[PDB]
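In: this one is an experimental structure. Sequence first:
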Amino acid sequence: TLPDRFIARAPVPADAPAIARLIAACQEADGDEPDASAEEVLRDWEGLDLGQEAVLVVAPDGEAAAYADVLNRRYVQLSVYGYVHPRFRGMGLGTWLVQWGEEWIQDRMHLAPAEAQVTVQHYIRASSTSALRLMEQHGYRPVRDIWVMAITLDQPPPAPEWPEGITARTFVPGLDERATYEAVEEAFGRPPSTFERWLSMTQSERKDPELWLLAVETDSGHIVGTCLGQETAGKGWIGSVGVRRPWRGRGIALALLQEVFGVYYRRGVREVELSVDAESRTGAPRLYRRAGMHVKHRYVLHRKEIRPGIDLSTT
């Protein structure tokens, strides 16, 4: 069911400006500043197939009423990012997007191993009660908190205090590739990636090694920790900071972060952000606030099981 006057259609790159504004109107209601730009939309469209992987609900006045796009992992877990313009709420439109995403994976579901359980998931701003209820109404249930940490560097960060016997090593291309990959797959191991997969995903970011830091034990010459930063559009993003198990509790993550911040700062990057998972109600690790960061926004991950089976998302 959709209101008569409303047309759903695949987005075209010329919709980038219209859609940016839809997100802006949405992020405004949640209490966020309207950061959104068509420039970002065009960039986040770099990966996806516009025809198949996104939908645009066009309003009678020719303006974008609602929009969603999907991230797909091995067809066992579908992430869905929806928005409905704050004027159009309570029209059945947010419900429509939800089922669109559900029907998306259901139509493709045969490409998943048959025993694999199939899930769809949404990341909801903790603040908007409207979408919080729509999830529960639709059977989507709270799984985990995701915290977006941010830091503005207008002033030089503190100098890292490195634990005895560990120091910073800037990633050296042509040398440190395999070793860094092993430390990342261990410290963290989200899906396990093979080495070639990891290589292709990082190919861009490894052309800027200044921002890939390794905590390295001096005696062994072994990577005990990593912080791999990147720079996009004059903003920093840190994908993963982490320490291999035998080296935890030495304050290595804090040193890694403080060091990465120094590189960004003396590079002139004003804002760095990253993202951290936390069990519902625990809050982010004291690590991040101690590194000078602060909470930008909090999302609650909502998940629903489309088909029963063993959990393959992590294997």
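Out: Looks like it arrived, so ask away. Residues are numbered from 1 along each chain as shown.

In: and the lengthiest strand in the chain, what's buried?
Out: The longest strand of the chain (DSSP state E) is strand 294-307. Residues of strand 294-307 classed as buried: 297, 298, 299, 300, 301, 302, 303, 304, 306 (neighbour count, 16 or more other Cβ atoms under 10 Å). Where you see a C-beta, it was placed from the backbone N, CA and C, and this is true even at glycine.

In: got a list of contacts for that strand?
Out: The contact list for strand 294-307 (Cβ atoms under 8 Å, 6 or more residues apart in numbering) reads 30, 32, 78, 102, 105-106, 109, 116-127, 132, 135, 138-151, 273, 280, 284.

In: swap in stretch 195-214?
Out: Here stretch 195-214 makes contact (Cβ under 8 Å, 6+ apart) with 168-173, 176-178, 180-181, 183-185, 193, 223, 225-231, 236, 256, 259-260, 263-264, 267.

In: list buried members of those residues by neighbour count.
Out: For the contacts of stretch 195-214, buried by 16+ other Cβ under 10 Å: 168-169, 171, 176-177, 180-181, 183-184, 193, 223, 225-231, 236, 256, 259-260, 263-264.

In: now intersect those residues with the helices, please.
Out: 177, 180, 181, 183, 184, 256, 259, 260, 263, 264 (DSSP state H).

In: which residue, other than its chain neighbours, is closest to the fifth one?
Out: To tie it back to what came earlier, the one meant is residue 184. What sits nearest to residue 184 in space, not counting adjacent residues and going by Cβ to Cβ, 6 or more residues apart in numbering, is residue 226, at 5.6 Å.

In: residue contacts, that neighbour?
Out: 180, 183, 184, 187, 212, 213, 214, 215, 240, 241, 242, 256.

In: same deal with residue 157?
Out: The neighbourhood of residue 157, defined by Cβ under 8 Å, 6+ apart, consists of 258, 261, 262, 265, 292.

In: swap in 10 Å and give it another go.
Out: 151, 257-266, 291-292 (Cβ atoms under 10 Å, 6 or more residues apart in numbering).

In: would you turn the residues you listed into a markdown table with distance to residue 25?
Out: Shown next, in a markdown table, are the contacts of residue 157 (distance: Cβ to Cβ, whole Å):
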| residue | distance to residue 25 |
| --- | --- |
| 151 | 27 |
| 257 | 34 |
| 258 | 38 |
| 259 | 39 |
| 260 | 34 |
| 261 | 33 |
| 262 | 38 |
| 263 | 36 |
| 264 | 31 |
| 265 | 34 |
| 266 | 38 |
| 291 | 33 |
| 292 | 32 |
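
In: next, the distance between the ends of stretch 28-39.
Out: Distance between the boundary residues of stretch 28-39 (Cα to Cα, to the nearest Å) amounts to 18 Å.

In: with stretch 232-250 instead?
Out: Its first and final residues considered, stretch 232-250 spans 31 Å by Cα to Cα.

In: what residue lies at the spatial centre of this structure?
Out: Closest residue to the average C-alpha location of the chain: residue 275 at 6.8 Å, with Cα atoms, centre = their mean.
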